[PDB]
Structures are given as structure tokens and as C-alpha cells.
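Colleague: Please find one structure pasted underneath; my questions will follow.
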Amino acid sequence: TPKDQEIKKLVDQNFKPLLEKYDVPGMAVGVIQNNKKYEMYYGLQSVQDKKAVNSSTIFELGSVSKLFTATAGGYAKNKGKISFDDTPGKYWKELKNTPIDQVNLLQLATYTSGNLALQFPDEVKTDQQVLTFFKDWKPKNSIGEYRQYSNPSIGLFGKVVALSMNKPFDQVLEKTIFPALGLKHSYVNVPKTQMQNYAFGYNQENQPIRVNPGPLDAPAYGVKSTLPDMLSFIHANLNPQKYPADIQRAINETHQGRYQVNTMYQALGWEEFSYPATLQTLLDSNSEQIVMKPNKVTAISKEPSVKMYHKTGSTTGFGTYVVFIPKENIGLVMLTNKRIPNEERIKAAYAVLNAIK
Ligand SMILES: *[B]([O])([O])[C]([C]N1[C]=C(C([O])=O)N=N1)[N]C(=O)[C]SC1=NN=C([N])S1
């Protein structure tokens with residue numbers, strides 16, 4: 001049984017049943033092993049257009065967007081445009097001498113401001129409203145001591161990174177970061193020439209929907225990409241040594257764990273784990289306790305040299321999961337145009353990666 005058919009069988013056994021189980025219109029699953037890429041597509045990118053999912057289909061990445069924000073920040077840091085010790089008022093000068101200016105950029109990137117929730121209010125619709133939000137912001141818990149997974153936290157980080165590069169955030173990714181990685185089908189704003197490839201997302205009633213991020217939400221969940229581009233992104237994370245110094249060091253920054261919460265190490269964007277890791281280890285990182293509630297951070301006790309990394313992402317209409325293991329030179333990408341439980345994504349991926357070869 002050739003490897004391409006072996007991987008297809010495994011994906012059929014573990015991911016394909018999720019389609020019928022959760023009435024998922026379309027799915028893309030990619031495996032990359034030893035620099036060989038395997039692409040498997042299922043169902044429809046648009047139900048009403050009867051357009052099949054293929055290698056050109058653009059999906060909403062949801063929170064996997066934060067991996068690109070982290071990479072952009074690592075890039076800016078290694079170019080000397082920011083220091084992770086800086087505070088936002090250095091770059092968004094209107095925030096100087098406000099309480100949020102006691103939080104440093106690393107703490108924003110890793111969700112430890114001590115008073116930032118998961119979501120940004122939908123009532124904050126303009127960029128001025130965003131600035132006013134952070135001028136009025138007041139602390140709650142000791143800065144840097146509690147992880148509270150937060151869109152506005154990394155959103156502000158993204159805004160600061162862009163300012164340090166004197167470019168809007170969308171241009172940081174589309175003109176600098178995406179080209180640096182050869183990602184030709186990845187977008188913050190999908191151009192008109194690409195909309196024909198942009199999947200409809202489907203909500204829990206299977207009604208079509210696409211994301212409309214707010215003024216602060218692009219760095220938190222505004223990126224769209226295809227399966228080949230995400231496999232290329234995985235490939236870059238598997239072999240950062242290939243790239244010019246600033247991008248190479250940028251990727252390495254996103255791999256450096258900054259603190260631990262139980263078995264999860266919070267890196268920049270990426271969630272990091274000791275490898276081998278149990279299934280429940282990976283599932284715990286997406287538990288209600290870790291995702292929705294504050295958790296005191298602790299110093300990293302076991303600092304693994306053999307690691308794996310992953311990140312789930314969702315929008316109302318899409319689900320994403322990416323995971324890679326450098327020592328095994330393997331990674332996997334799952335994209336769906338319907339949100340399915342994070343646990344099912346992680347379990348199916350775990351089953352495939354541990355049975356490969
Ligand atoms: B991210 O994907 O983690 C982030 C938070 N999140 C997690 C989940 C889950 O566990 O299923 N859902 N959201 N993603 C977002 O905040 C994007 S959700 C939205 N889609 N469209 C909008 N206008 S907001």
C-alpha cells in the first residue's frame with residue numbers, strides 16, 4: 001500500500017466520518033511528512049454553487065490567524081523595530097501614561113494583561129473607539145500573572161507591530177510576511193479575483209456565512225488561506241533554518257515557550273507541548289478551563305527539547321486545526337467550512353499522525 005493511499009485511508013478512517021456526523025459541507029486535510037505533501041479534499045466549498053473543495057479553496061482560519069500575528073511580531077522584534085519589553089504607548093503614542101501602558105508587548109501577545117476577555121465588544125466599531133477602549137482600560141489582576149485567552153490582547157499586539165513597521169497590519173502580512181513564506185493564496189482581505197475560490201462558511205444551522213472582523217480583530221482571526229499555503233506554513237515551521245535571518249528567527253520566536261499552564265507551554269501564538277504528548281494533553285489545551293477562564297501561569301519546569309505545537313481556530317462558519325512535530329518532520333492541517341468540536345479535530349489529527357508510517 002503506497003504511502004499516499006496509506007495516508008488517505010487513515011484520513012478516511014478518522015476525518016471523513018466527521019462530515020456526516022456534523023453535516024460538514026466541505027473539508028480539506030493535508031499531511032506533510034519528510035517534505036512530501038499529501039492533500040485530501042472532501043465535499044463542497046459552496047453548497048448553493050455546487051463548487052467542490054479543491055486546492056484553490058480559501059478558508060477562514062479563525063484563531064489560527066494569531067500564528068501569523070505572532071510571526072509578524074517575531075519578525076519586527078528581530079529587525080529591531082520592537083522589543084517585547086516595550087509597552088504599547090511607545091508606538092501608539094496616544095496610550096502613553098495610561099494603565100495599559102504598564103503591560104508589555106510579550107504580555108499582550110501571551111494573554112497576561114490581567115484584564116482582557118476573549119472577545120472585543122461588537123459595539124467598538126471604529127478605530128477611534130478602539131483607541132478609547134485602551135485609554136479607559138484599567139487593570140484587574142497582577143499584570144503578567146494570569147493567562148486569559150484574549151482577542152483584544154493579541155489584537156493590540158498586532159496593531160503595535162504594524163505601527164513599528166509603519167504599515168497597516170494587513171500590509172504587514174500581505175506585503176511582508178506572506179511573501180517571505182511564498183504564501184500566494186493567503187489573505188487578510190480576499191481580492192475580487194479570488195472571491196470565486198472563497199468558501200462559504202456554514203453556521204450550526206448550515207446557513208452560509210462569512211466573517212466580518214471588527215477594527216481590532218484581523219490579527220486575532222482575520223486571515224484566510226488554502227490547504228497548500230497552510231502546508232507551506234507548516235513546512236516553514238518545520239524547517240525555519242532555510243529562511244533569511246529575520247524570518248528564521250521570527251519563526252523560532254513563535255516556538256519559544258514563555259510559561260506553562262499545566263502541560264501546555266504558551267509560546268508566541270503557538271501552543272507548545274512535550275513530545276510525545278497524550279491525546280488528553282492536547283485536548284486539555286482546548287478545555288473550558290484553559291480557553292474561557294483565567295489561569296495562573298507558572299515557570300516552565302520541564303523544558304522539552306523534543307516538542308510539538310498546535311493551534312485550533314474557529315469562526316462562526318469555519319473550523320481549523322494545525323499541528324506539527326519537528327523531530328518527526330511531520331505536520332497536519334485540517335480546514336472545514338463548518339465549525340466542529342475542537343476535541344474532534346484534535347482526536348482525528350492525533351489518530352492520523354500516530355498511525356502514519
Ligand atoms: B479563536 O478561534 O480561538 C477565537 C476564539 N474562539 C474559539 C472558538 C471555539 O472554541 O469554537 N470560537 N471562537 N475565534 C474567534 O474569536 C472568532 S468567532 C467569529 N466569527 N465571526 C465573527 N464576526 S466573530
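Going through the C-alpha cells in order, the chains are called A, B, and so on, while each chain numbers its residues from 1 and the ligands are numbered from 1 in the order shown.
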Would you mind listing the residues within 6 Å of ligand 1, counting only C-alpha atoms and all ligand atoms, as a list in words?
Modeller: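 The distance check yields residues 62, 63, 211, 212, 213, 221, 313, 314, 315 and 316 of chain A.
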Colleague: Within 9 Å of region 36-39 of chain A, counting only C-alpha atoms, which residues qualify if same-chain residues fewer than 3 places away don't, as a list in words?
Modeller: residues 4, 7, 8, 28, 29, 30, 31, 32, 33, 55, 227, 228 and 231 of chain A
Colleague: Would you put the residues from that selection into a file with N, CA, C and O atoms, as a PDB file, in the first residue's frame?
Modeller:
ATOM      1  N   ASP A   4       0.750   7.382  -0.202  1.00  0.00           N
ATOM      2  CA  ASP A   4      -0.365   8.275  -0.494  1.00  0.00           C
ATOM      3  C   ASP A   4      -1.693   7.595  -0.185  1.00  0.00           C
ATOM      4  O   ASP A   4      -2.596   8.214   0.388  1.00  0.00           O
ATOM      5  N   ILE A   7      -2.009   7.186   3.753  1.00  0.00           N
ATOM      6  CA  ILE A   7      -2.462   8.395   4.435  1.00  0.00           C
ATOM      7  C   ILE A   7      -3.931   8.662   4.128  1.00  0.00           C
ATOM      8  O   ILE A   7      -4.702   9.083   5.005  1.00  0.00           O
ATOM      9  N   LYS A   8      -4.340   8.446   2.875  1.00  0.00           N
ATOM     10  CA  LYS A   8      -5.740   8.628   2.506  1.00  0.00           C
ATOM     11  C   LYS A   8      -6.649   7.700   3.305  1.00  0.00           C
ATOM     12  O   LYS A   8      -7.709   8.122   3.784  1.00  0.00           O
ATOM     13  N   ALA A  28     -10.833  20.080   4.001  1.00  0.00           N
ATOM     14  CA  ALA A  28      -9.512  19.880   3.415  1.00  0.00           C
ATOM     15  C   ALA A  28      -8.589  19.405   4.524  1.00  0.00           C
ATOM     16  O   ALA A  28      -8.470  20.068   5.561  1.00  0.00           O
ATOM     17  N   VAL A  29      -7.960  18.256   4.319  1.00  0.00           N
ATOM     18  CA  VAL A  29      -6.990  17.708   5.255  1.00  0.00           C
ATOM     19  C   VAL A  29      -5.684  17.510   4.506  1.00  0.00           C
ATOM     20  O   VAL A  29      -5.659  16.863   3.448  1.00  0.00           O
ATOM     21  N   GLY A  30      -4.611  18.074   5.038  1.00  0.00           N
ATOM     22  CA  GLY A  30      -3.287  17.929   4.456  1.00  0.00           C
ATOM     23  C   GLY A  30      -2.302  17.357   5.457  1.00  0.00           C
ATOM     24  O   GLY A  30      -2.314  17.725   6.632  1.00  0.00           O
ATOM     25  N   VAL A  31      -1.476  16.432   4.989  1.00  0.00           N
ATOM     26  CA  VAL A  31      -0.356  15.926   5.761  1.00  0.00           C
ATOM     27  C   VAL A  31       0.918  16.255   5.004  1.00  0.00           C
ATOM     28  O   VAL A  31       0.972  16.130   3.774  1.00  0.00           O
ATOM     29  N   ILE A  32       1.946  16.659   5.739  1.00  0.00           N
ATOM     30  CA  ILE A  32       3.278  16.828   5.191  1.00  0.00           C
ATOM     31  C   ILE A  32       4.212  15.975   6.036  1.00  0.00           C
ATOM     32  O   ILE A  32       4.232  16.096   7.267  1.00  0.00           O
ATOM     33  N   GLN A  33       4.936  15.075   5.384  1.00  0.00           N
ATOM     34  CA  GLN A  33       5.853  14.168   6.064  1.00  0.00           C
ATOM     35  C   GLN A  33       7.143  14.104   5.269  1.00  0.00           C
ATOM     36  O   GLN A  33       7.127  13.725   4.092  1.00  0.00           O
ATOM     37  N   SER A  55      -7.729  22.449  -4.217  1.00  0.00           N
ATOM     38  CA  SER A  55      -6.509  23.049  -3.684  1.00  0.00           C
ATOM     39  C   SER A  55      -6.534  24.575  -3.712  1.00  0.00           C
ATOM     40  O   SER A  55      -5.754  25.203  -2.989  1.00  0.00           O
ATOM     41  N   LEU A 227      -5.342  25.086   1.688  1.00  0.00           N
ATOM     42  CA  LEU A 227      -4.597  23.972   2.271  1.00  0.00           C
ATOM     43  C   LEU A 227      -3.142  23.964   1.818  1.00  0.00           C
ATOM     44  O   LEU A 227      -2.258  23.803   2.677  1.00  0.00           O
ATOM     45  N   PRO A 228      -2.810  24.142   0.532  1.00  0.00           N
ATOM     46  CA  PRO A 228      -1.382  24.186   0.158  1.00  0.00           C
ATOM     47  C   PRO A 228      -0.594  25.275   0.875  1.00  0.00           C
ATOM     48  O   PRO A 228       0.533  25.019   1.310  1.00  0.00           O
ATOM     49  N   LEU A 231      -0.004  24.124   4.434  1.00  0.00           N
ATOM     50  CA  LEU A 231       1.055  23.114   4.457  1.00  0.00           C
ATOM     51  C   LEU A 231       2.420  23.756   4.249  1.00  0.00           C
ATOM     52  O   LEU A 231       3.412  23.333   4.859  1.00  0.00           O
TER      53      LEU A 231
END
Colleague: Could you check how far CA of residue 121 (chain A) sits from CA of residue 292 (chain A), in Å to one decimal?
Modeller: 16.0 Å
Colleague: When distances are computed from only C-alpha atoms, which of A:134, A:246, A:25, A:170 shows the smallest separation from residue 80 (chain A)?
Modeller: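 So, comparing all the options, the nearest one is A:246.
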Colleague: Rank nothing, just name the residue among A:285, A:46, A:148, A:35 nearest to residue 331 (chain A), using only C-alpha atoms.
Modeller: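 Looking at the shortest contact to residue 331 (chain A), the residue is A:35.
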Colleague: Could you list, as a PyMOL selection string, every residue within 7 Å of residue 59 (chain A), counting only C-alpha atoms and ignoring same-chain residues fewer than 2 positions away?
Modeller: chain A and resi 57+61+198-199+224-226+335+337
Colleague: Tell me which of A:318, A:233, A:22, A:146 sits closest to residue 332 (chain A), counting only C-alpha atoms.
Modeller: A:233
Colleague: What parts of region 3-203 of chain A does DSSP call helix (DSSP H, G or I)? I'd like the answer as number ranges by chain.
Modeller: A: 3-14, 16-21, 62-78, 88-90, 93-95, 99-102, 105-109, 127-136, 151-164, 169-180, 192-197
Colleague: Quote the spacing between CA of residue 219 (chain A) and CA of residue 143 (chain A) in Å to one decimal place.
Modeller: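 Separation of CA of residue 219 (chain A) and CA of residue 143 (chain A): 21.9 Å.
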Colleague: What's the 8 Å shell around residue 306 (chain A), counting only C-alpha atoms, without same-chain residues fewer than 2 positions away, as an mmCIF file with N, CA, C and O atoms, in the first residue's frame?
Modeller:
data_model
loop_
_atom_site.group_PDB
_atom_site.id
_atom_site.type_symbol
_atom_site.label_atom_id
_atom_site.label_comp_id
_atom_site.auth_asym_id
_atom_site.auth_seq_id
_atom_site.Cartn_x
_atom_site.Cartn_y
_atom_site.Cartn_z
ATOM 1 N N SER A 274 5.370 18.905 25.257
ATOM 2 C CA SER A 274 6.377 17.864 25.171
ATOM 3 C C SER A 274 5.902 16.776 24.217
ATOM 4 O O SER A 274 4.723 16.411 24.202
ATOM 5 N N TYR A 275 6.819 16.271 23.400
ATOM 6 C CA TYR A 275 6.502 15.181 22.502
ATOM 7 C C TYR A 275 7.345 13.965 22.860
ATOM 8 O O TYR A 275 8.562 14.098 23.038
ATOM 9 N N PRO A 276 6.755 12.762 22.955
ATOM 10 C CA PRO A 276 5.334 12.505 22.701
ATOM 11 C C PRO A 276 4.399 13.096 23.755
ATOM 12 O O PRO A 276 4.750 13.185 24.932
ATOM 13 N N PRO A 304 10.914 20.918 27.366
ATOM 14 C CA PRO A 304 11.223 19.824 26.443
ATOM 15 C C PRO A 304 12.128 20.284 25.315
ATOM 16 O O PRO A 304 11.989 21.394 24.797
ATOM 17 N N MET A 308 6.123 19.373 20.330
ATOM 18 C CA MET A 308 5.137 19.511 19.275
ATOM 19 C C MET A 308 4.327 20.768 19.549
ATOM 20 O O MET A 308 4.303 21.287 20.668
ATOM 21 N N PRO A 326 8.484 18.733 14.964
ATOM 22 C CA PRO A 326 9.771 18.810 14.250
ATOM 23 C C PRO A 326 10.586 17.523 14.275
ATOM 24 O O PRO A 326 11.103 17.117 13.226
ATOM 25 N N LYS A 327 10.716 16.863 15.429
ATOM 26 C CA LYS A 327 11.569 15.676 15.499
ATOM 27 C C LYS A 327 11.048 14.541 14.624
ATOM 28 O O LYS A 327 11.821 13.665 14.223
#
Colleague: Write out as a list in words the residues lying within 12 Å of residue 137 (chain A), counting only C-alpha atoms and excluding same-chain residues fewer than 6 positions away.
Modeller: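 So the residues in contact are residues 95, 97, 98, 99, 100, 101, 102, 103, 113, 114, 115, 116, 117, 130, 131, 152 and 153 of chain A.
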Colleague: When you count only C-alpha atoms, which of these residues is closest to residue 122 (chain A): A:242, A:214, A:330, A:354?
Modeller: A:214
Colleague: Residues near region 68-71 of chain A, anyone? I mean within 9 Å using only C-alpha atoms, not counting same-chain ones fewer than 4 positions away, as an MDAnalysis selection string.
Modeller: chainID A and resid 64 75:76 109 154:155 157:158 161 169 173 177:178 219:220 223 247 250:254 268:270
